[PDB]
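Peer 1: this one's sequence-less:
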Ligand SMILES: OC[C@H]1O[C@@](CO)(O[C@H]2O[C@H](CO)[C@@H](O)[C@H](O)[C@H]2O)[C@@H](O)[C@@H]1O
Ligand SMILES: [Ca+2]
């Protein structure tokens, strides 16, 4: 096919920027710090469960919420023997506490019967609960967003919401139940891929990776939004053979396009690149948390990867910062290995863009430890703070199902300094496992 150029009015993780990362990531400024394995404990209240992807109850601006004197963290958890066993649990600590042992376990957010009682057609076919966010409303309610995964329908993923009813006393929190439990968005075909388009390809046998998950709630000027992991649809630069000739996905120059595109077309990664159309999508919600407006993606990753996860966005000191986690094993970029794991980041003067790369390339964090390493971390998440130039990076530690005595747990948190369009890991800033704030 003939070369063309089309941005679709959105930002892009370009091949040229990603190719700069292999050399850049040797700089300790952009490296997840080494952790000390002999300080690492299992979450004592989680009782033999793997606990991975986690997120704090957040205020509208992303700072950590105070629920009746408690911090609350939602986390995926399940049997280490069963990789398809995933439910959201709610942990909580008193404000002031920092030890991993301070985290009590209120149990699952949902009963099995909740999805049926919701009178929601998609929800009644759910088989797993995957990641999202949680915001603390102005009328004092815990408002959860998460991913409804259905294994019965070829891995359908649906952005979902519920209010979690929680009684608070001097000693404990107790989940009483949920309400307003409903599907919000399952893709539209034109902006964000839906599950039927995945099935059109031949589902899992095709090599395609359909995502519509990890919704993150944020507000600006009283407007409510979710920003989430997705994939592009037919009208904002879809996957396919033709996608490899779109110079917007390469950047730099036409000379770089010709060279990189012909290399890619001759490589064993041609098909992978064709299928790769990850996106950080966006929708506006109404005041009852239903869908107001499908919006254009903030950024896309055509040709480089199909999987940019754990969308996160917030305002900090007059600028908007947009983050995503991604595995080098699923990328098509020379020099990036299957061991490499990233938090990528971008910056704008507005929530809705346009976003340009942090640290010139997109690199913020790199982690490349062996999957077998007990101190392996993934799912890095920047928790904004009330004031200052630091955010707190949370992550989970130790791969799921790897070790009988060492489960997936809260990683030691650490600090990331952010100023303008640059970031750096703060020297020797390792905090307690699962610590959410600098202030104690
Ligand atoms: O467990 C699902 C949950 O984990 C995340 C990020 O850790 O994605 C993981 O699981 C996906 C489905 O198995 C994989 O495709 C991905 O490589 C892995 O990181 C979230 O995106 C998801 O909600
Ligand atoms: Ca795809």
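Peer 2: Sure, I can see it. Numbers count the residues shown, from 1 in each chain. Ligands and ions are numbered 1, 2, ... in the order given.

Peer 1: for this protein, longest helix please?
Peer 2: helix 254-266 (DSSP state H).

Peer 1: what helices or strands is that helix leaning on?
Peer 2: With contacts taken as 3 or more CB pairs under 8 Å, 6 or more residues apart in numbering; DSSP states H and E, helix 254-266 sits against helix 15-19. Bear in mind the C-beta positions are built from the backbone N, C-alpha and C, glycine included.

Peer 1: give me the buried stretch members for the helix it packs on, please.
Peer 2: Within helix 15-19, the residues scored as buried using 16 or more other CB atoms under 10 Å are 15, 17, 18, 19.

Peer 1: dump the residue contacts of the second one.
Peer 2: Going by CB atoms under 8 Å, 6 or more residues apart in numbering, residue 17 touches 251, 357, 360, 361, 362.

Peer 1: contact partners for the second one?
Peer 2: Okay, so that is residue 357. 17, 345, 346, 347.

Peer 1: 7 Å - rerun?
Peer 2: Neighbouring residues of residue 357 by CB atoms under 7 Å, 6 or more residues apart in numbering: 17, 346.

Peer 1: give me the residue at the spatial middle of the chain.
Peer 2: Nearest to the geometric centre of the chain sits residue 310, at 0.2 Å (CA atoms, centre = their mean).

Peer 1: nearest spatial neighbour of that residue, skipping sequence neighbours?
Peer 2: Nearest residue to residue 310 in three dimensions, chain neighbours excluded: residue 325, at 4.6 Å (CB to CB, 6 or more residues apart in numbering).

Peer 1: work out for me the element that neighbour sits within.
Peer 2: Using DSSP states H and E, residue 325 sits in strand 319-327.

Peer 1: so what secondary structure elements neighbour that strand?
Peer 2: Contacts defined by 3 or more CB pairs under 7 Å, 6 or more residues apart in numbering; DSSP states H and E place strand 319-327 against strand 309-316, strand 341-348, strand 377-383.

Peer 1: take those strands and write them to TSV, including distance to ligand 1.
Peer 2: Shown next, in TSV, are the helices and strands packed on strand 319-327 (distance: least, CB to the nearest ligand atom, whole Å):
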stretch	distance to ligand 1
strand 309-316	4
strand 341-348	9
strand 377-383	4
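
Peer 1: neighbours around residue 66, how many?
Peer 2: As a burial measure, residue 66 scores 13 neighbours (other CB atoms under 10 Å).

Peer 1: one more: residue 30?
Peer 2: 22.

Peer 1: check contacts around it.
Peer 2: Here residue 30 is in contact with 24, 359, 363, 364, 365, 366 (CB under 7 Å, 6+ apart).

Peer 1: what is the nearest of the residues you listed to residue 396?
Peer 2: Minimum distance to residue 396 across these is 13.9 Å, recorded for residue 365 (CB to CB).

Peer 1: would you agree the residue nearest to the centre of the chain is in contact with residue 382?
Peer 2: No: at 10.0 Å, residue 310 does not count as touching residue 382 under the criterion of CB atoms under 7 Å.

Peer 1: tell me the contacts of residue 244?
Peer 2: Residue 244 neighbours (CB under 7 Å, 6+ apart): 261, 264, 265, 273, 274, 303.

Peer 1: over to the last one. Which of the three states is it?
Peer 2: Classification of residue 303 into helix, strand or coil gives coil, according to DSSP: H, G, I helix; E, B strand; the rest coil.

Peer 1: burial count for it?
Peer 2: Number of residues near residue 303 (other CB under 10 Å) recorded here: 32.

Peer 1: any idea how far it lies from residue 257?
Peer 2: According to CB to CB, to the nearest Å, residue 303 and residue 257 sit 11 Å apart.

Peer 1: over to residue 249?
Peer 2: Applying CB to CB to residue 249 and residue 257 gives a distance of 9 Å.

Peer 1: okay, the two: which has more neighbours?
Peer 2: residue 249 (29 against 21).

Peer 1: first-to-last residue distance for stretch 270-289?
Peer 2: 40 Å (CA to CA, to the nearest Å).

Peer 1: buried stuff in it?
Peer 2: For stretch 270-289, by 16+ other CB under 10 Å, it's 270, 272-283, 285, 289.
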